Each structure stands twice: as C-alpha cells, then as structure tokens.
>>> print(open('model.cif').read())   # mmCIF, N, CA, C and O atoms
data_run
#
loop_
_atom_site.label_atom_id
_atom_site.label_comp_id
_atom_site.auth_asym_id
_atom_site.auth_seq_id
_atom_site.Cartn_x
_atom_site.Cartn_y
_atom_site.Cartn_z
N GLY T 24 6.40 7.41 9.60
CA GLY T 24 7.30 6.27 9.50
C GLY T 24 8.73 6.62 9.83
O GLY T 24 9.63 6.42 9.02
N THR T 25 8.93 7.15 11.02
CA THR T 25 10.26 7.53 11.49
C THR T 25 10.40 7.32 13.00
O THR T 25 11.32 7.85 13.62
N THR T 26 9.47 6.56 13.58
CA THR T 26 9.46 6.26 15.01
C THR T 26 8.31 5.31 15.31
O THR T 26 8.44 4.37 16.10
N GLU T 27 7.17 5.56 14.66
CA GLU T 27 5.98 4.74 14.83
C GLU T 27 6.19 3.36 14.21
O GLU T 27 6.01 2.34 14.87
N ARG T 28 6.56 3.35 12.93
CA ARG T 28 6.79 2.11 12.20
C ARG T 28 7.01 2.41 10.71
O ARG T 28 6.08 2.32 9.91
N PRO T 29 8.25 2.77 10.32
CA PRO T 29 8.57 3.09 8.93
C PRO T 29 8.47 1.87 8.01
O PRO T 29 9.34 1.00 8.05
N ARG T 30 7.42 1.81 7.18
CA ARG T 30 7.25 0.68 6.26
C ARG T 30 5.95 0.81 5.46
O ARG T 30 5.09 1.63 5.78
N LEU T 31 5.78 -0.03 4.44
CA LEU T 31 4.54 -0.02 3.68
C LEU T 31 3.41 -0.45 4.63
O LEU T 31 3.53 -1.45 5.33
N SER T 32 2.35 0.33 4.65
CA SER T 32 1.22 0.04 5.53
C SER T 32 0.00 -0.39 4.73
O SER T 32 -0.30 0.17 3.67
N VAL T 33 -0.71 -1.38 5.25
CA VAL T 33 -1.91 -1.89 4.59
C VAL T 33 -3.00 -2.18 5.61
O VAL T 33 -2.90 -3.12 6.40
N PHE T 34 -4.04 -1.35 5.60
CA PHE T 34 -5.15 -1.50 6.54
C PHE T 34 -6.49 -1.38 5.83
O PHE T 34 -6.56 -0.87 4.71
N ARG T 35 -7.54 -1.83 6.50
CA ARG T 35 -8.88 -1.76 5.94
C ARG T 35 -9.61 -0.52 6.45
O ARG T 35 -9.95 -0.43 7.63
N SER T 36 -9.84 0.44 5.56
CA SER T 36 -10.52 1.67 5.92
C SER T 36 -12.03 1.50 5.93
O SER T 36 -12.70 1.74 4.92
N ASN T 37 -12.57 1.09 7.07
CA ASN T 37 -14.01 0.89 7.23
C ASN T 37 -14.52 -0.27 6.37
O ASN T 37 -14.50 -1.43 6.79
N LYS T 38 -15.00 0.03 5.16
CA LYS T 38 -15.52 -1.00 4.26
C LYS T 38 -14.62 -1.21 3.05
O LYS T 38 -14.93 -2.02 2.17
N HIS T 39 -13.51 -0.49 2.99
CA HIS T 39 -12.58 -0.61 1.88
C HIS T 39 -11.17 -0.88 2.38
O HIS T 39 -10.88 -0.68 3.56
N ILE T 40 -10.30 -1.33 1.49
CA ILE T 40 -8.92 -1.63 1.86
C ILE T 40 -8.00 -0.47 1.48
O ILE T 40 -7.75 -0.22 0.31
N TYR T 41 -7.50 0.23 2.50
CA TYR T 41 -6.62 1.36 2.28
C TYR T 41 -5.18 0.92 2.10
O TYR T 41 -4.58 0.33 2.99
N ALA T 42 -4.63 1.28 0.95
CA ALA T 42 -3.24 0.99 0.67
C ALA T 42 -2.44 2.23 1.01
O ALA T 42 -2.75 3.30 0.51
N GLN T 43 -1.45 2.10 1.89
CA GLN T 43 -0.65 3.25 2.30
C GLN T 43 0.82 2.89 2.44
O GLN T 43 1.16 2.05 3.25
N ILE T 44 1.68 3.55 1.67
CA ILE T 44 3.11 3.26 1.77
C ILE T 44 3.85 4.39 2.47
O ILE T 44 3.82 5.54 2.02
N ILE T 45 4.54 4.04 3.56
CA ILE T 45 5.34 5.00 4.29
C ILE T 45 6.77 4.49 4.38
O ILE T 45 7.01 3.33 4.74
N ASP T 46 7.72 5.35 4.00
CA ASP T 46 9.13 4.96 3.97
C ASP T 46 9.57 4.25 5.22
O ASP T 46 8.95 4.34 6.28
N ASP T 47 10.66 3.51 5.05
CA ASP T 47 11.22 2.73 6.13
C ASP T 47 12.35 3.50 6.84
O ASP T 47 12.11 4.54 7.45
N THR T 48 13.58 2.99 6.77
CA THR T 48 14.71 3.64 7.42
C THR T 48 15.51 4.49 6.44
O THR T 48 16.31 5.34 6.85
N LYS T 49 15.32 4.26 5.14
CA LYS T 49 16.04 5.01 4.12
C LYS T 49 15.15 6.07 3.50
O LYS T 49 15.45 7.27 3.57
N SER T 50 14.05 5.63 2.90
CA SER T 50 13.11 6.54 2.25
C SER T 50 12.12 5.76 1.39
O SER T 50 12.26 4.56 1.18
N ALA T 51 11.10 6.47 0.92
CA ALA T 51 10.05 5.90 0.08
C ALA T 51 8.90 6.89 0.00
O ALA T 51 9.07 8.07 0.27
N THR T 52 7.72 6.40 -0.35
CA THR T 52 6.57 7.27 -0.42
C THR T 52 5.91 7.37 0.94
O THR T 52 6.01 6.45 1.75
N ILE T 53 5.25 8.49 1.18
CA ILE T 53 4.57 8.71 2.45
C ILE T 53 3.10 8.97 2.19
O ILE T 53 2.46 9.77 2.87
N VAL T 54 2.58 8.27 1.18
CA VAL T 54 1.18 8.41 0.79
C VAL T 54 0.73 7.22 -0.05
O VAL T 54 1.48 6.25 -0.21
N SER T 55 -0.49 7.30 -0.58
CA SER T 55 -1.04 6.23 -1.39
C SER T 55 -2.49 6.54 -1.79
O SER T 55 -2.81 7.69 -2.12
N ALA T 56 -3.36 5.53 -1.78
CA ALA T 56 -4.75 5.74 -2.15
C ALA T 56 -5.68 4.65 -1.63
O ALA T 56 -5.28 3.50 -1.40
N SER T 57 -6.93 5.04 -1.47
CA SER T 57 -7.99 4.15 -1.00
C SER T 57 -9.33 4.74 -1.39
O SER T 57 -9.38 5.69 -2.16
N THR T 58 -10.41 4.21 -0.84
CA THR T 58 -11.75 4.73 -1.14
C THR T 58 -11.77 6.25 -1.09
O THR T 58 -12.58 6.90 -1.76
N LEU T 59 -10.86 6.82 -0.30
CA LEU T 59 -10.74 8.27 -0.16
C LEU T 59 -9.88 8.88 -1.27
O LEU T 59 -9.40 10.00 -1.14
N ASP T 60 -9.68 8.13 -2.35
CA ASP T 60 -8.87 8.60 -3.47
C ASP T 60 -9.72 9.34 -4.50
O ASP T 60 -10.94 9.44 -4.35
N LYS T 61 -9.07 9.86 -5.53
CA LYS T 61 -9.76 10.61 -6.58
C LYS T 61 -10.27 9.70 -7.70
O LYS T 61 -11.47 9.59 -7.93
N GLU T 62 -9.34 9.08 -8.43
CA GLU T 62 -9.68 8.21 -9.55
C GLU T 62 -10.82 7.27 -9.21
O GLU T 62 -11.61 6.90 -10.08
N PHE T 63 -10.91 6.87 -7.95
CA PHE T 63 -11.96 5.96 -7.52
C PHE T 63 -13.32 6.64 -7.55
O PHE T 63 -14.30 6.08 -8.04
N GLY T 64 -13.37 7.87 -7.05
CA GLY T 64 -14.61 8.62 -7.03
C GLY T 64 -15.48 8.29 -5.84
O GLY T 64 -15.03 8.34 -4.70
N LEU T 65 -16.74 7.95 -6.11
CA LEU T 65 -17.69 7.62 -5.05
C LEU T 65 -17.78 6.11 -4.85
O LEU T 65 -18.53 5.43 -5.55
N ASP T 66 -17.02 5.60 -3.88
CA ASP T 66 -17.03 4.17 -3.58
C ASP T 66 -16.46 3.36 -4.74
O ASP T 66 -16.89 3.50 -5.88
N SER T 67 -15.49 2.50 -4.43
CA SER T 67 -14.85 1.66 -5.44
C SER T 67 -13.69 0.86 -4.84
O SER T 67 -13.46 -0.29 -5.21
N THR T 68 -12.97 1.49 -3.93
CA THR T 68 -11.83 0.85 -3.28
C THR T 68 -12.23 -0.43 -2.58
O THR T 68 -11.38 -1.28 -2.29
N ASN T 69 -13.53 -0.59 -2.30
CA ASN T 69 -14.03 -1.80 -1.64
C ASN T 69 -13.38 -3.03 -2.26
O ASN T 69 -13.02 -3.98 -1.57
N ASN T 70 -13.18 -2.95 -3.57
CA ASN T 70 -12.52 -4.01 -4.31
C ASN T 70 -11.10 -3.55 -4.61
O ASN T 70 -10.90 -2.46 -5.15
N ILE T 71 -10.12 -4.35 -4.22
CA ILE T 71 -8.73 -3.98 -4.43
C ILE T 71 -8.45 -3.46 -5.84
O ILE T 71 -7.47 -2.75 -6.05
N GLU T 72 -9.29 -3.80 -6.81
CA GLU T 72 -9.10 -3.33 -8.18
C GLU T 72 -8.78 -1.83 -8.22
O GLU T 72 -7.83 -1.40 -8.88
N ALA T 73 -9.58 -1.05 -7.50
CA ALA T 73 -9.39 0.40 -7.44
C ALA T 73 -8.24 0.77 -6.52
O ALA T 73 -7.28 1.43 -6.93
N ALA T 74 -8.31 0.33 -5.26
CA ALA T 74 -7.24 0.62 -4.31
C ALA T 74 -5.90 0.22 -4.90
O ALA T 74 -4.87 0.82 -4.60
N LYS T 75 -5.93 -0.79 -5.76
CA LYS T 75 -4.73 -1.28 -6.42
C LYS T 75 -4.35 -0.33 -7.55
O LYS T 75 -3.17 -0.17 -7.87
N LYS T 76 -5.36 0.31 -8.15
CA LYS T 76 -5.11 1.25 -9.23
C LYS T 76 -4.08 2.28 -8.80
O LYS T 76 -2.98 2.36 -9.35
N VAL T 77 -4.44 3.05 -7.78
CA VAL T 77 -3.55 4.07 -7.25
C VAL T 77 -2.62 3.48 -6.19
O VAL T 77 -1.43 3.78 -6.17
N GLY T 78 -3.17 2.63 -5.32
CA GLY T 78 -2.34 2.00 -4.29
C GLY T 78 -1.06 1.45 -4.89
O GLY T 78 -0.02 1.42 -4.24
N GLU T 79 -1.15 1.03 -6.15
CA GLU T 79 -0.01 0.51 -6.88
C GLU T 79 0.81 1.67 -7.43
O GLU T 79 2.03 1.70 -7.29
N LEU T 80 0.12 2.63 -8.05
CA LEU T 80 0.78 3.81 -8.61
C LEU T 80 1.71 4.42 -7.56
O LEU T 80 2.89 4.64 -7.81
N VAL T 81 1.16 4.67 -6.37
CA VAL T 81 1.93 5.22 -5.27
C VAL T 81 3.02 4.23 -4.88
O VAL T 81 4.13 4.63 -4.52
N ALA T 82 2.70 2.95 -4.95
CA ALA T 82 3.65 1.90 -4.62
C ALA T 82 4.89 2.02 -5.50
O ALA T 82 6.00 2.16 -5.00
N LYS T 83 4.69 1.98 -6.81
CA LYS T 83 5.79 2.08 -7.76
C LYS T 83 6.71 3.24 -7.39
O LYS T 83 7.90 3.05 -7.17
N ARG T 84 6.16 4.44 -7.32
CA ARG T 84 6.95 5.61 -6.97
C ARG T 84 7.61 5.43 -5.60
O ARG T 84 8.59 6.10 -5.28
N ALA T 85 7.07 4.51 -4.80
CA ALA T 85 7.60 4.24 -3.47
C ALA T 85 8.87 3.41 -3.53
O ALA T 85 9.87 3.75 -2.89
N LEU T 86 8.84 2.31 -4.28
CA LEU T 86 10.02 1.45 -4.38
C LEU T 86 11.20 2.21 -4.96
O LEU T 86 12.36 1.87 -4.70
N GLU T 87 10.92 3.23 -5.76
CA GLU T 87 11.96 4.03 -6.39
C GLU T 87 12.45 5.15 -5.48
O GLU T 87 13.64 5.49 -5.49
N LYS T 88 11.55 5.73 -4.69
CA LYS T 88 11.93 6.81 -3.78
C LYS T 88 13.12 6.39 -2.94
O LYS T 88 14.24 6.87 -3.15
N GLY T 89 12.88 5.48 -2.02
CA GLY T 89 13.95 4.98 -1.18
C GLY T 89 15.03 4.35 -2.02
O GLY T 89 16.04 4.98 -2.34
N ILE T 90 14.79 3.10 -2.37
CA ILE T 90 15.69 2.31 -3.20
C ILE T 90 14.91 1.14 -3.78
O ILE T 90 15.02 0.81 -4.96
N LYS T 91 14.10 0.52 -2.92
CA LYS T 91 13.27 -0.61 -3.29
C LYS T 91 11.89 -0.44 -2.66
O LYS T 91 11.67 0.49 -1.88
N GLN T 92 10.97 -1.33 -3.00
CA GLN T 92 9.61 -1.27 -2.48
C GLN T 92 9.62 -1.47 -0.98
O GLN T 92 10.66 -1.79 -0.42
N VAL T 93 8.48 -1.27 -0.33
CA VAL T 93 8.42 -1.40 1.12
C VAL T 93 7.61 -2.61 1.53
O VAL T 93 6.95 -3.23 0.70
N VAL T 94 7.69 -2.95 2.82
CA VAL T 94 7.01 -4.13 3.33
C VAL T 94 5.72 -3.81 4.06
O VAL T 94 5.63 -2.85 4.83
N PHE T 95 4.72 -4.65 3.80
CA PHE T 95 3.41 -4.52 4.41
C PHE T 95 3.53 -4.39 5.92
O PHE T 95 4.44 -4.94 6.53
N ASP T 96 2.60 -3.65 6.52
CA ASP T 96 2.61 -3.45 7.96
C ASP T 96 2.29 -4.74 8.70
O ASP T 96 3.20 -5.47 9.12
N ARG T 97 1.01 -5.02 8.88
CA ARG T 97 0.58 -6.23 9.58
C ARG T 97 -0.61 -6.90 8.89
O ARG T 97 -0.67 -8.12 8.81
N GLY T 98 -1.54 -6.09 8.40
CA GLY T 98 -2.71 -6.63 7.73
C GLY T 98 -2.47 -6.97 6.28
O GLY T 98 -3.42 -7.22 5.53
N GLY T 99 -1.21 -7.00 5.86
CA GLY T 99 -0.89 -7.33 4.49
C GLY T 99 -0.58 -8.80 4.30
O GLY T 99 -0.81 -9.36 3.23
N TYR T 100 -0.05 -9.43 5.35
CA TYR T 100 0.29 -10.85 5.31
C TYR T 100 1.07 -11.22 4.04
O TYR T 100 1.40 -10.36 3.23
N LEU T 101 1.37 -12.52 3.89
CA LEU T 101 2.12 -13.02 2.73
C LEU T 101 1.38 -12.75 1.42
O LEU T 101 1.97 -12.86 0.34
N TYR T 102 0.10 -12.40 1.52
CA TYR T 102 -0.76 -12.10 0.37
C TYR T 102 -1.54 -13.32 -0.07
O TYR T 102 -0.98 -14.39 -0.32
N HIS T 103 -2.85 -13.14 -0.13
CA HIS T 103 -3.77 -14.20 -0.51
C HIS T 103 -5.22 -13.71 -0.37
O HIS T 103 -6.09 -14.08 -1.15
N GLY T 104 -5.45 -12.87 0.64
CA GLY T 104 -6.78 -12.33 0.88
C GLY T 104 -7.06 -11.07 0.08
O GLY T 104 -6.76 -11.00 -1.12
N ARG T 105 -7.64 -10.06 0.73
CA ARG T 105 -7.97 -8.80 0.06
C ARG T 105 -6.84 -7.77 0.19
O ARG T 105 -6.31 -7.29 -0.81
N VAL T 106 -6.50 -7.44 1.43
CA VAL T 106 -5.45 -6.45 1.71
C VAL T 106 -4.16 -6.76 0.95
O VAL T 106 -3.32 -5.87 0.72
N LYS T 107 -4.00 -8.01 0.59
CA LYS T 107 -2.83 -8.46 -0.12
C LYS T 107 -2.58 -7.64 -1.38
O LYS T 107 -1.45 -7.33 -1.68
N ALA T 108 -3.64 -7.31 -2.11
CA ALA T 108 -3.49 -6.54 -3.35
C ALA T 108 -2.60 -5.33 -3.14
O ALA T 108 -1.69 -5.07 -3.94
N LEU T 109 -2.86 -4.57 -2.08
CA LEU T 109 -2.07 -3.38 -1.79
C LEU T 109 -0.59 -3.74 -1.63
O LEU T 109 0.26 -3.30 -2.41
N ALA T 110 -0.30 -4.55 -0.63
CA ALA T 110 1.07 -4.98 -0.37
C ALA T 110 1.60 -5.84 -1.53
O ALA T 110 2.81 -6.02 -1.69
N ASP T 111 0.68 -6.37 -2.33
CA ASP T 111 0.99 -7.20 -3.48
C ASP T 111 1.51 -6.33 -4.62
O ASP T 111 2.57 -6.61 -5.18
N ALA T 112 0.77 -5.27 -4.94
CA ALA T 112 1.17 -4.34 -6.00
C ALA T 112 2.63 -3.98 -5.80
O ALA T 112 3.44 -4.01 -6.74
N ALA T 113 2.97 -3.68 -4.56
CA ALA T 113 4.34 -3.36 -4.20
C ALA T 113 5.17 -4.64 -4.18
O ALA T 113 6.35 -4.64 -4.51
N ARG T 114 4.52 -5.74 -3.79
CA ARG T 114 5.20 -7.02 -3.73
C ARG T 114 5.72 -7.45 -5.09
O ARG T 114 6.92 -7.62 -5.29
N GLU T 115 4.79 -7.63 -6.01
CA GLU T 115 5.11 -8.05 -7.36
C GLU T 115 6.09 -7.09 -7.99
O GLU T 115 6.94 -7.48 -8.79
N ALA T 116 5.98 -5.82 -7.62
CA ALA T 116 6.87 -4.79 -8.13
C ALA T 116 8.29 -5.00 -7.61
O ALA T 116 9.26 -4.60 -8.24
N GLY T 117 8.38 -5.65 -6.45
CA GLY T 117 9.67 -5.93 -5.85
C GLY T 117 9.75 -5.49 -4.41
O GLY T 117 10.27 -4.42 -4.10
N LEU T 118 9.20 -6.32 -3.53
CA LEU T 118 9.17 -6.04 -2.10
C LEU T 118 10.53 -6.20 -1.42
O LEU T 118 10.92 -7.31 -1.06
N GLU T 119 11.22 -5.09 -1.20
CA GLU T 119 12.50 -5.12 -0.50
C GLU T 119 12.61 -3.93 0.45
O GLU T 119 12.75 -2.80 0.01
N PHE T 120 12.57 -4.17 1.76
CA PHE T 120 12.68 -3.08 2.73
C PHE T 120 12.43 -3.56 4.15
O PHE T 120 12.33 -2.71 5.05
#
>>> encode(input="model.cif", output="structure tokens")
Amino acid sequence: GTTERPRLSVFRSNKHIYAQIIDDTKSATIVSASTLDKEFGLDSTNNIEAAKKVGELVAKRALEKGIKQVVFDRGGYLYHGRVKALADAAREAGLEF
C-alpha cells in the first residue's frame, strides 16, 4: 500500500471473505485475518463472524496505527452484503482515510 493502492482491502479468498488492512498515505496496519487465520482454525472465515473476529482486531490496531481507520478497497462497498463485515468492523470503529 505505497504505490499499488494504500488503503483497507476487502476481498473474498476463494470460499471465505478475507479482511486485509493496508495503510494509506500516512500509516496503518499491513495485515489482518481470514480463513487463513489462527483463531479460526480449520474453516470458519466463510462467515464474517470469524473473519470479523480478527479482521476487526487487526482493524482496530489499524485505525490507531496511522491516525484513523482505513477505507475498503473495492469489494467492501457501503456495507450490506458479506464483505461488508470486514470493512464494517473498521467502519463502525471509525472509517477515516
């Protein structure tokens, strides 16, 4: 996120929704969590409940890293579907970036 597209990223990793926050122009987190996370274990991120578990944890630390939370990439939309949870966790936390 320093040439490609510095911002909170939200994409669907195969059958699960990967929540990924990458700093913008100031700073933030450069990681997150999805089905490939630990706390989730063997399959779980399929439902934002899990991806949101850590996807949010990383999110929180993200809004504080830079200054404020980051903005969803493209698959995050205004929030209403599934991917929304990821960008939402950061959203509700305070989406500014």
>>> select_by_dssp(input="model.cif", residues="segment 35-66 of chain T", states="strand (DSSP E or B)", output="list in words")
residues 35, 36, 39, 40, 41, 42, 43, 44, 45, 53, 54, 55 and 56 of chain T
>>> select_by_dssp(input="model.cif", residues="segment 35-87 of chain T", states="helix (DSSP H, G or I)", output="NGL selection string")
:T and (71-87)
>>> resolve_selection(input="model.cif", expression="the PyMOL selection byres ((chain T and resi 91-97) around 8)", output="PyMOL selection string")
chain T and resi 28-34+43-47+50-52+82-90+98-101+106+109-114+116-120
>>> atom_distance(input="model.cif", atom1="atom CA of residue 60 of chain T", atom2="atom CA of residue 40 of chain T")
11.5 Å
>>> resolve_selection(input="model.cif", expression="the PyMOL selection byres ((chain T and resi 77) around 8)", output="list in words")
residues 42, 54, 55, 56, 57, 60, 62, 63, 71, 72, 73, 74, 75, 76, 78, 79, 80, 81, 82, 83 and 84 of chain T
>>> atom_distance(input="model.cif", atom1="atom N of residue 67 of chain T", atom2="atom N of residue 24 of chain T")
26.5 Å
>>> atom_distance(input="model.cif", atom1="atom C of residue 69 of chain T", atom2="atom N of residue 35 of chain T")
10.6 Å
